[PDB]
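Shown below: upload.cif, with mmCIF, N, CA and C atoms.
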data_data
loop_
_atom_site.group_PDB
_atom_site.id
_atom_site.type_symbol
_atom_site.label_atom_id
_atom_site.label_comp_id
_atom_site.auth_asym_id
_atom_site.auth_seq_id
_atom_site.Cartn_x
_atom_site.Cartn_y
_atom_site.Cartn_z
ATOM 1 N N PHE X 31 5.822 -3.158 11.884
ATOM 2 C CA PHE X 31 4.975 -3.371 10.694
ATOM 3 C C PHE X 31 4.429 -4.726 10.682
ATOM 4 N N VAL X 32 3.107 -4.863 10.636
ATOM 5 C CA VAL X 32 2.495 -6.232 10.650
ATOM 6 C C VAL X 32 2.380 -6.664 9.176
ATOM 7 N N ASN X 33 2.899 -7.869 8.940
ATOM 8 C CA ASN X 33 2.830 -8.485 7.591
ATOM 9 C C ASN X 33 1.412 -9.048 7.445
ATOM 10 N N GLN X 34 0.576 -8.332 6.702
ATOM 11 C CA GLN X 34 -0.844 -8.664 6.605
ATOM 12 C C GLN X 34 -1.265 -8.646 5.138
ATOM 13 N N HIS X 35 -2.452 -9.120 4.826
ATOM 14 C CA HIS X 35 -2.942 -9.153 3.447
ATOM 15 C C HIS X 35 -3.354 -7.789 2.920
ATOM 16 N N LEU X 36 -3.761 -6.896 3.838
ATOM 17 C CA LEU X 36 -4.092 -5.522 3.510
ATOM 18 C C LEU X 36 -4.987 -5.350 2.236
ATOM 19 N N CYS X 37 -6.281 -5.432 2.423
ATOM 20 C CA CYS X 37 -7.197 -5.288 1.328
ATOM 21 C C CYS X 37 -7.682 -3.831 1.155
ATOM 22 N N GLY X 38 -8.087 -3.452 -0.030
ATOM 23 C CA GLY X 38 -8.730 -2.186 -0.258
ATOM 24 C C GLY X 38 -7.889 -0.933 0.086
ATOM 25 N N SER X 39 -8.499 -0.011 0.836
ATOM 26 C CA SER X 39 -7.879 1.252 1.246
ATOM 27 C C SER X 39 -6.711 1.025 2.196
ATOM 28 N N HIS X 40 -6.768 -0.042 3.017
ATOM 29 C CA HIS X 40 -5.685 -0.326 3.982
ATOM 30 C C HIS X 40 -4.344 -0.497 3.263
ATOM 31 N N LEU X 41 -4.347 -1.077 2.072
ATOM 32 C CA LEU X 41 -3.106 -1.241 1.313
ATOM 33 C C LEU X 41 -2.483 0.058 0.891
ATOM 34 N N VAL X 42 -3.260 0.973 0.313
ATOM 35 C CA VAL X 42 -2.681 2.206 -0.187
ATOM 36 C C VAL X 42 -2.324 3.143 0.990
ATOM 37 N N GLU X 43 -3.043 3.031 2.076
ATOM 38 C CA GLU X 43 -2.757 3.796 3.302
ATOM 39 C C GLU X 43 -1.449 3.269 3.897
ATOM 40 N N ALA X 44 -1.256 1.966 3.999
ATOM 41 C CA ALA X 44 0.015 1.468 4.601
ATOM 42 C C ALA X 44 1.196 1.828 3.684
ATOM 43 N N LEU X 45 0.979 1.741 2.371
ATOM 44 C CA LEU X 45 2.059 2.009 1.395
ATOM 45 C C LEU X 45 2.454 3.500 1.427
ATOM 46 N N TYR X 46 1.447 4.364 1.633
ATOM 47 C CA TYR X 46 1.666 5.802 1.798
ATOM 48 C C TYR X 46 2.437 6.123 3.081
ATOM 49 N N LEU X 47 2.094 5.420 4.143
ATOM 50 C CA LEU X 47 2.754 5.592 5.443
ATOM 51 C C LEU X 47 4.236 5.192 5.327
ATOM 52 N N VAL X 48 4.535 4.099 4.660
ATOM 53 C CA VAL X 48 5.940 3.649 4.608
ATOM 54 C C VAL X 48 6.778 4.376 3.568
ATOM 55 N N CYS X 49 6.173 4.810 2.447
ATOM 56 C CA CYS X 49 6.956 5.482 1.405
ATOM 57 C C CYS X 49 7.176 6.941 1.828
ATOM 58 N N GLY X 50 6.165 7.546 2.429
ATOM 59 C CA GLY X 50 6.241 8.901 2.857
ATOM 60 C C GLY X 50 6.055 9.890 1.707
ATOM 61 N N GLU X 51 4.795 10.294 1.468
ATOM 62 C CA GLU X 51 4.446 11.342 0.458
ATOM 63 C C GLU X 51 4.760 10.961 -0.997
ATOM 64 N N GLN X 52 4.230 11.754 -1.891
ATOM 65 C CA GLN X 52 4.382 11.554 -3.358
ATOM 66 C C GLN X 52 3.880 10.160 -3.813
ATOM 67 N N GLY X 53 2.711 9.811 -3.339
ATOM 68 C CA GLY X 53 2.072 8.579 -3.766
ATOM 69 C C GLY X 53 0.636 8.649 -3.349
ATOM 70 N N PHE X 54 -0.253 8.412 -4.340
ATOM 71 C CA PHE X 54 -1.707 8.532 -4.170
ATOM 72 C C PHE X 54 -2.130 10.002 -3.972
ATOM 73 N N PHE X 55 -3.023 10.509 -4.805
ATOM 74 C CA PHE X 55 -3.385 11.955 -4.738
ATOM 75 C C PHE X 55 -4.861 12.130 -4.961
ATOM 76 N N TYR X 56 -5.663 11.682 -4.010
ATOM 77 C CA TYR X 56 -7.091 11.815 -4.158
ATOM 78 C C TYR X 56 -7.826 12.010 -2.861
ATOM 79 N N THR X 57 -8.782 12.925 -2.913
ATOM 80 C CA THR X 57 -9.660 13.236 -1.786
ATOM 81 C C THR X 57 -11.073 13.500 -2.329
ATOM 82 N N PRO X 58 -12.107 12.970 -1.689
ATOM 83 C CA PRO X 58 -13.467 13.275 -2.190
ATOM 84 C C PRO X 58 -13.943 14.689 -1.796
ATOM 85 N N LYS X 59 -14.913 15.222 -2.587
ATOM 86 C CA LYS X 59 -15.495 16.544 -2.380
ATOM 87 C C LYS X 59 -16.999 16.474 -2.612
ATOM 88 N N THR X 60 -17.584 15.318 -2.257
ATOM 89 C CA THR X 60 -18.990 15.076 -2.404
ATOM 90 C C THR X 60 -19.762 15.864 -1.376
ATOM 91 N N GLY K 1 -2.760 -4.272 -10.236
ATOM 92 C CA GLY K 1 -3.207 -5.618 -9.751
ATOM 93 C C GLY K 1 -2.740 -5.960 -8.337
ATOM 94 N N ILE K 2 -2.072 -4.960 -7.768
ATOM 95 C CA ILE K 2 -1.472 -5.063 -6.437
ATOM 96 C C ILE K 2 -2.490 -5.376 -5.318
ATOM 97 N N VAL K 3 -3.711 -4.873 -5.447
ATOM 98 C CA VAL K 3 -4.724 -5.016 -4.368
ATOM 99 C C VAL K 3 -5.094 -6.492 -4.251
ATOM 100 N N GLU K 4 -5.455 -7.106 -5.370
ATOM 101 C CA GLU K 4 -5.832 -8.523 -5.397
ATOM 102 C C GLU K 4 -4.602 -9.390 -5.016
ATOM 103 N N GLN K 5 -3.402 -8.969 -5.437
ATOM 104 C CA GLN K 5 -2.176 -9.714 -5.123
ATOM 105 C C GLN K 5 -2.025 -9.746 -3.591
ATOM 106 N N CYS K 6 -2.015 -8.601 -2.968
ATOM 107 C CA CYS K 6 -1.792 -8.532 -1.510
ATOM 108 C C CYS K 6 -2.954 -9.217 -0.720
ATOM 109 N N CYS K 7 -4.193 -8.965 -1.106
ATOM 110 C CA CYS K 7 -5.361 -9.543 -0.443
ATOM 111 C C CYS K 7 -5.393 -11.080 -0.490
ATOM 112 N N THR K 8 -4.564 -11.705 -1.343
ATOM 113 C CA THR K 8 -4.489 -13.163 -1.415
ATOM 114 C C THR K 8 -3.125 -13.697 -1.023
ATOM 115 N N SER K 9 -2.141 -12.840 -1.095
ATOM 116 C CA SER K 9 -0.785 -13.214 -0.806
ATOM 117 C C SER K 9 -0.141 -12.149 0.043
ATOM 118 N N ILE K 10 0.319 -12.544 1.220
ATOM 119 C CA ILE K 10 0.932 -11.609 2.154
ATOM 120 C C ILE K 10 2.110 -10.875 1.503
ATOM 121 N N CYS K 11 2.057 -9.536 1.503
ATOM 122 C CA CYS K 11 3.155 -8.739 0.981
ATOM 123 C C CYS K 11 4.297 -8.587 1.964
ATOM 124 N N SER K 12 5.426 -9.167 1.682
ATOM 125 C CA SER K 12 6.597 -8.915 2.457
ATOM 126 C C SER K 12 7.018 -7.474 2.143
ATOM 127 N N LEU K 13 7.576 -6.799 3.129
ATOM 128 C CA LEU K 13 8.099 -5.433 2.994
ATOM 129 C C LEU K 13 9.117 -5.283 1.888
ATOM 130 N N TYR K 14 9.978 -6.274 1.708
ATOM 131 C CA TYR K 14 11.002 -6.195 0.635
ATOM 132 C C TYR K 14 10.325 -5.993 -0.725
ATOM 133 N N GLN K 15 9.244 -6.688 -0.945
ATOM 134 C CA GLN K 15 8.484 -6.554 -2.179
ATOM 135 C C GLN K 15 7.660 -5.280 -2.179
ATOM 136 N N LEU K 16 7.039 -4.973 -1.050
ATOM 137 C CA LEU K 16 6.152 -3.808 -0.946
ATOM 138 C C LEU K 16 6.878 -2.465 -1.155
ATOM 139 N N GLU K 17 8.090 -2.382 -0.629
ATOM 140 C CA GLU K 17 8.979 -1.245 -0.845
ATOM 141 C C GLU K 17 9.299 -1.088 -2.333
ATOM 142 N N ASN K 18 9.353 -2.163 -3.076
ATOM 143 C CA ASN K 18 9.712 -2.036 -4.477
ATOM 144 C C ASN K 18 8.692 -1.236 -5.278
ATOM 145 N N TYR K 19 7.456 -1.108 -4.754
ATOM 146 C CA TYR K 19 6.449 -0.309 -5.416
ATOM 147 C C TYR K 19 6.636 1.217 -5.157
ATOM 148 N N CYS K 20 7.337 1.598 -4.135
ATOM 149 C CA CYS K 20 7.483 3.016 -3.824
ATOM 150 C C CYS K 20 8.728 3.258 -2.996
ATOM 151 N N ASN K 21 9.641 4.048 -3.577
ATOM 152 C CA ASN K 21 10.894 4.389 -2.879
ATOM 153 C C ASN K 21 10.715 5.496 -1.892
#

Will you turn the file into structure tokens for me?
Amino acid sequence: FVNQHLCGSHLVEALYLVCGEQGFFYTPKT
Amino acid sequence: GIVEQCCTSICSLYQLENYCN
């Protein structure tokens, strides 16, 4: 795991990867 | 406020884990 500033989407993506499911629930349908 | 916090201050894993078990 690289200790980084993680801005924007990268933060919620890394947090989802480490927690493993049941966090963040959104997908676009545009 | 986590996004602005991390984007200015490096999140250590010990702290980052505290947001999600």

Report the closest atom pair, with its distance in Å rounded to one decimal, for each residue of chain X that has an atom no farther than 6 Å from chain K; count all atoms listed in the file, sort by chain and then rising residue number, and write it as CSV.
residue,atom,partner,partner_atom,distance
X:33,CA,K:11,C,5.8
X:34,C,K:10,CA,4.7
X:35,C,K:6,C,3.9
X:36,C,K:7,N,5.0
X:37,CA,K:7,CA,5.0
X:38,N,K:3,CA,5.7
X:49,CA,K:21,C,5.0

Take the residues from that selection and write them out as a short mmCIF file (atom, residue, chain, number, x, y, z; two decimals), keeping the file's coordinate frame, keeping N, CA and C atoms.
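Once written, selection_38.cif looks like this:
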data_model
loop_
_atom_site.label_atom_id
_atom_site.label_comp_id
_atom_site.auth_asym_id
_atom_site.auth_seq_id
_atom_site.Cartn_x
_atom_site.Cartn_y
_atom_site.Cartn_z
N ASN X 33 2.90 -7.87 8.94
CA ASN X 33 2.83 -8.48 7.59
C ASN X 33 1.41 -9.05 7.44
N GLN X 34 0.58 -8.33 6.70
CA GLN X 34 -0.84 -8.66 6.60
C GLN X 34 -1.26 -8.65 5.14
N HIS X 35 -2.45 -9.12 4.83
CA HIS X 35 -2.94 -9.15 3.45
C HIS X 35 -3.35 -7.79 2.92
N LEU X 36 -3.76 -6.90 3.84
CA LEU X 36 -4.09 -5.52 3.51
C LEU X 36 -4.99 -5.35 2.24
N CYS X 37 -6.28 -5.43 2.42
CA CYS X 37 -7.20 -5.29 1.33
C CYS X 37 -7.68 -3.83 1.16
N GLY X 38 -8.09 -3.45 -0.03
CA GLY X 38 -8.73 -2.19 -0.26
C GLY X 38 -7.89 -0.93 0.09
N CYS X 49 6.17 4.81 2.45
CA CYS X 49 6.96 5.48 1.40
C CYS X 49 7.18 6.94 1.83
#

Would you please extract all helix (DSSP H, G or I) residues from chain K, as assigned by DSSP on the backbone, and give them as a PDB file with N, CA and C atoms, in the frame of the given file?
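Written output follows (states-v4.pdb):
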ATOM      1  N   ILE K   2      -2.072  -4.960  -7.768  1.00  0.00           N
ATOM      2  CA  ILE K   2      -1.472  -5.063  -6.437  1.00  0.00           C
ATOM      3  C   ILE K   2      -2.490  -5.376  -5.318  1.00  0.00           C
ATOM      4  N   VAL K   3      -3.711  -4.873  -5.447  1.00  0.00           N
ATOM      5  CA  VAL K   3      -4.724  -5.016  -4.368  1.00  0.00           C
ATOM      6  C   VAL K   3      -5.094  -6.492  -4.251  1.00  0.00           C
ATOM      7  N   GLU K   4      -5.455  -7.106  -5.370  1.00  0.00           N
ATOM      8  CA  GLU K   4      -5.832  -8.523  -5.397  1.00  0.00           C
ATOM      9  C   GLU K   4      -4.602  -9.390  -5.016  1.00  0.00           C
ATOM     10  N   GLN K   5      -3.402  -8.969  -5.437  1.00  0.00           N
ATOM     11  CA  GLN K   5      -2.176  -9.714  -5.123  1.00  0.00           C
ATOM     12  C   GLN K   5      -2.025  -9.746  -3.591  1.00  0.00           C
ATOM     13  N   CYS K   6      -2.015  -8.601  -2.968  1.00  0.00           N
ATOM     14  CA  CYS K   6      -1.792  -8.532  -1.510  1.00  0.00           C
ATOM     15  C   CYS K   6      -2.954  -9.217  -0.720  1.00  0.00           C
ATOM     16  N   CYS K   7      -4.193  -8.965  -1.106  1.00  0.00           N
ATOM     17  CA  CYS K   7      -5.361  -9.543  -0.443  1.00  0.00           C
ATOM     18  C   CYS K   7      -5.393 -11.080  -0.490  1.00  0.00           C
ATOM     19  N   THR K   8      -4.564 -11.705  -1.343  1.00  0.00           N
ATOM     20  CA  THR K   8      -4.489 -13.163  -1.415  1.00  0.00           C
ATOM     21  C   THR K   8      -3.125 -13.697  -1.023  1.00  0.00           C
ATOM     22  N   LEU K  13       7.576  -6.799   3.129  1.00  0.00           N
ATOM     23  CA  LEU K  13       8.099  -5.433   2.994  1.00  0.00           C
ATOM     24  C   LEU K  13       9.117  -5.283   1.888  1.00  0.00           C
ATOM     25  N   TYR K  14       9.978  -6.274   1.708  1.00  0.00           N
ATOM     26  CA  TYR K  14      11.002  -6.195   0.635  1.00  0.00           C
ATOM     27  C   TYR K  14      10.325  -5.993  -0.725  1.00  0.00           C
ATOM     28  N   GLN K  15       9.244  -6.688  -0.945  1.00  0.00           N
ATOM     29  CA  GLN K  15       8.484  -6.554  -2.179  1.00  0.00           C
ATOM     30  C   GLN K  15       7.660  -5.280  -2.179  1.00  0.00           C
ATOM     31  N   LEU K  16       7.039  -4.973  -1.050  1.00  0.00           N
ATOM     32  CA  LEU K  16       6.152  -3.808  -0.946  1.00  0.00           C
ATOM     33  C   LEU K  16       6.878  -2.465  -1.155  1.00  0.00           C
ATOM     34  N   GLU K  17       8.090  -2.382  -0.629  1.00  0.00           N
ATOM     35  CA  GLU K  17       8.979  -1.245  -0.845  1.00  0.00           C
ATOM     36  C   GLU K  17       9.299  -1.088  -2.333  1.00  0.00           C
TER      37      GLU K  17
END

Using atom CA of residue X:50 and atom N of residue X:31 as the two end points, give the distance in Å to one decimal.
15.1 Å

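Picture a line from atom CA of residue X:46 to atom CA of residue X:59; it runs 20.7 Å.
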
Between atom C of residue X:60 and atom C of residue X:48, distance in Å (one decimal)
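A separation of 29.3 Å between them.
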
Please reconstruct the missing atoms of stretch 34-60 of chain X (target: N, CA, C and O atoms) and return them as a PDB file, in the coordinates of the input.
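Result saved to out_7.pdb:
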ATOM      1  N   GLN X  34       0.576  -8.332   6.702  1.00  0.00           N
ATOM      2  CA  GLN X  34      -0.844  -8.664   6.605  1.00  0.00           C
ATOM      3  C   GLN X  34      -1.265  -8.646   5.138  1.00  0.00           C
ATOM      4  O   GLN X  34      -0.499  -8.247   4.304  1.00  0.00           O
ATOM      5  N   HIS X  35      -2.452  -9.120   4.826  1.00  0.00           N
ATOM      6  CA  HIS X  35      -2.942  -9.153   3.447  1.00  0.00           C
ATOM      7  C   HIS X  35      -3.354  -7.789   2.920  1.00  0.00           C
ATOM      8  O   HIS X  35      -3.250  -7.556   1.719  1.00  0.00           O
ATOM      9  N   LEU X  36      -3.761  -6.896   3.838  1.00  0.00           N
ATOM     10  CA  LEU X  36      -4.092  -5.522   3.510  1.00  0.00           C
ATOM     11  C   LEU X  36      -4.987  -5.350   2.236  1.00  0.00           C
ATOM     12  O   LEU X  36      -4.518  -5.072   1.145  1.00  0.00           O
ATOM     13  N   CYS X  37      -6.281  -5.432   2.423  1.00  0.00           N
ATOM     14  CA  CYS X  37      -7.197  -5.288   1.328  1.00  0.00           C
ATOM     15  C   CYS X  37      -7.682  -3.831   1.155  1.00  0.00           C
ATOM     16  O   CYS X  37      -7.682  -3.076   2.128  1.00  0.00           O
ATOM     17  N   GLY X  38      -8.087  -3.452  -0.030  1.00  0.00           N
ATOM     18  CA  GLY X  38      -8.730  -2.186  -0.258  1.00  0.00           C
ATOM     19  C   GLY X  38      -7.889  -0.933   0.086  1.00  0.00           C
ATOM     20  O   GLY X  38      -6.696  -0.832  -0.237  1.00  0.00           O
ATOM     21  N   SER X  39      -8.499  -0.011   0.836  1.00  0.00           N
ATOM     22  CA  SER X  39      -7.879   1.252   1.246  1.00  0.00           C
ATOM     23  C   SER X  39      -6.711   1.025   2.196  1.00  0.00           C
ATOM     24  O   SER X  39      -5.749   1.764   2.185  1.00  0.00           O
ATOM     25  N   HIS X  40      -6.768  -0.042   3.017  1.00  0.00           N
ATOM     26  CA  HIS X  40      -5.685  -0.326   3.982  1.00  0.00           C
ATOM     27  C   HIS X  40      -4.344  -0.497   3.263  1.00  0.00           C
ATOM     28  O   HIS X  40      -3.338  -0.110   3.810  1.00  0.00           O
ATOM     29  N   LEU X  41      -4.347  -1.077   2.072  1.00  0.00           N
ATOM     30  CA  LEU X  41      -3.106  -1.241   1.313  1.00  0.00           C
ATOM     31  C   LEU X  41      -2.483   0.058   0.891  1.00  0.00           C
ATOM     32  O   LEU X  41      -1.306   0.270   1.054  1.00  0.00           O
ATOM     33  N   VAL X  42      -3.260   0.973   0.313  1.00  0.00           N
ATOM     34  CA  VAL X  42      -2.681   2.206  -0.187  1.00  0.00           C
ATOM     35  C   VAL X  42      -2.324   3.143   0.990  1.00  0.00           C
ATOM     36  O   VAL X  42      -1.386   3.852   0.944  1.00  0.00           O
ATOM     37  N   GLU X  43      -3.043   3.031   2.076  1.00  0.00           N
ATOM     38  CA  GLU X  43      -2.757   3.796   3.302  1.00  0.00           C
ATOM     39  C   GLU X  43      -1.449   3.269   3.897  1.00  0.00           C
ATOM     40  O   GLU X  43      -0.620   4.108   4.281  1.00  0.00           O
ATOM     41  N   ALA X  44      -1.256   1.966   3.999  1.00  0.00           N
ATOM     42  CA  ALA X  44       0.015   1.468   4.601  1.00  0.00           C
ATOM     43  C   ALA X  44       1.196   1.828   3.684  1.00  0.00           C
ATOM     44  O   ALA X  44       2.298   2.190   4.163  1.00  0.00           O
ATOM     45  N   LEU X  45       0.979   1.741   2.371  1.00  0.00           N
ATOM     46  CA  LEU X  45       2.059   2.009   1.395  1.00  0.00           C
ATOM     47  C   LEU X  45       2.454   3.500   1.427  1.00  0.00           C
ATOM     48  O   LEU X  45       3.604   3.844   1.348  1.00  0.00           O
ATOM     49  N   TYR X  46       1.447   4.364   1.633  1.00  0.00           N
ATOM     50  CA  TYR X  46       1.666   5.802   1.798  1.00  0.00           C
ATOM     51  C   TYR X  46       2.437   6.123   3.081  1.00  0.00           C
ATOM     52  O   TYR X  46       3.380   6.922   3.056  1.00  0.00           O
ATOM     53  N   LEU X  47       2.094   5.420   4.143  1.00  0.00           N
ATOM     54  CA  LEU X  47       2.754   5.592   5.443  1.00  0.00           C
ATOM     55  C   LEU X  47       4.236   5.192   5.327  1.00  0.00           C
ATOM     56  O   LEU X  47       5.109   5.891   5.861  1.00  0.00           O
ATOM     57  N   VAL X  48       4.535   4.099   4.660  1.00  0.00           N
ATOM     58  CA  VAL X  48       5.940   3.649   4.608  1.00  0.00           C
ATOM     59  C   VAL X  48       6.778   4.376   3.568  1.00  0.00           C
ATOM     60  O   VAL X  48       7.954   4.572   3.756  1.00  0.00           O
ATOM     61  N   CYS X  49       6.173   4.810   2.447  1.00  0.00           N
ATOM     62  CA  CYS X  49       6.956   5.482   1.405  1.00  0.00           C
ATOM     63  C   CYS X  49       7.176   6.941   1.828  1.00  0.00           C
ATOM     64  O   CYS X  49       8.228   7.477   1.640  1.00  0.00           O
ATOM     65  N   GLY X  50       6.165   7.546   2.429  1.00  0.00           N
ATOM     66  CA  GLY X  50       6.241   8.901   2.857  1.00  0.00           C
ATOM     67  C   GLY X  50       6.055   9.890   1.707  1.00  0.00           C
ATOM     68  O   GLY X  50       7.029  10.353   1.093  1.00  0.00           O
ATOM     69  N   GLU X  51       4.795  10.294   1.468  1.00  0.00           N
ATOM     70  CA  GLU X  51       4.446  11.342   0.458  1.00  0.00           C
ATOM     71  C   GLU X  51       4.760  10.961  -0.997  1.00  0.00           C
ATOM     72  O   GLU X  51       5.429   9.948  -1.272  1.00  0.00           O
ATOM     73  N   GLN X  52       4.230  11.754  -1.891  1.00  0.00           N
ATOM     74  CA  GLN X  52       4.382  11.554  -3.358  1.00  0.00           C
ATOM     75  C   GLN X  52       3.880  10.160  -3.813  1.00  0.00           C
ATOM     76  O   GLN X  52       4.506   9.487  -4.635  1.00  0.00           O
ATOM     77  N   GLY X  53       2.711   9.811  -3.339  1.00  0.00           N
ATOM     78  CA  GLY X  53       2.072   8.579  -3.766  1.00  0.00           C
ATOM     79  C   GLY X  53       0.636   8.649  -3.349  1.00  0.00           C
ATOM     80  O   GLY X  53       0.358   8.938  -2.194  1.00  0.00           O
ATOM     81  N   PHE X  54      -0.253   8.412  -4.340  1.00  0.00           N
ATOM     82  CA  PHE X  54      -1.707   8.532  -4.170  1.00  0.00           C
ATOM     83  C   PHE X  54      -2.130  10.002  -3.972  1.00  0.00           C
ATOM     84  O   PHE X  54      -1.558  10.726  -3.141  1.00  0.00           O
ATOM     85  N   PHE X  55      -3.023  10.509  -4.805  1.00  0.00           N
ATOM     86  CA  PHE X  55      -3.385  11.955  -4.738  1.00  0.00           C
ATOM     87  C   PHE X  55      -4.861  12.130  -4.961  1.00  0.00           C
ATOM     88  O   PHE X  55      -5.284  12.575  -5.977  1.00  0.00           O
ATOM     89  N   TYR X  56      -5.663  11.682  -4.010  1.00  0.00           N
ATOM     90  CA  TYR X  56      -7.091  11.815  -4.158  1.00  0.00           C
ATOM     91  C   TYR X  56      -7.826  12.010  -2.861  1.00  0.00           C
ATOM     92  O   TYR X  56      -7.625  11.304  -1.883  1.00  0.00           O
ATOM     93  N   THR X  57      -8.782  12.925  -2.913  1.00  0.00           N
ATOM     94  CA  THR X  57      -9.660  13.236  -1.786  1.00  0.00           C
ATOM     95  C   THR X  57     -11.073  13.500  -2.329  1.00  0.00           C
ATOM     96  O   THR X  57     -11.247  14.188  -3.362  1.00  0.00           O
ATOM     97  N   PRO X  58     -12.107  12.970  -1.689  1.00  0.00           N
ATOM     98  CA  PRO X  58     -13.467  13.275  -2.190  1.00  0.00           C
ATOM     99  C   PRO X  58     -13.943  14.689  -1.796  1.00  0.00           C
ATOM    100  O   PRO X  58     -13.442  15.294  -0.844  1.00  0.00           O
ATOM    101  N   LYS X  59     -14.913  15.222  -2.587  1.00  0.00           N
ATOM    102  CA  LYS X  59     -15.495  16.544  -2.380  1.00  0.00           C
ATOM    103  C   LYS X  59     -16.999  16.474  -2.612  1.00  0.00           C
ATOM    104  O   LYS X  59     -17.655  17.384  -3.062  1.00  0.00           O
ATOM    105  N   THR X  60     -17.584  15.318  -2.257  1.00  0.00           N
ATOM    106  CA  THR X  60     -18.990  15.076  -2.404  1.00  0.00           C
ATOM    107  C   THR X  60     -19.762  15.864  -1.376  1.00  0.00           C
ATOM    108  O   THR X  60     -20.693  16.587  -1.644  1.00  0.00           O
TER     109      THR X  60
END
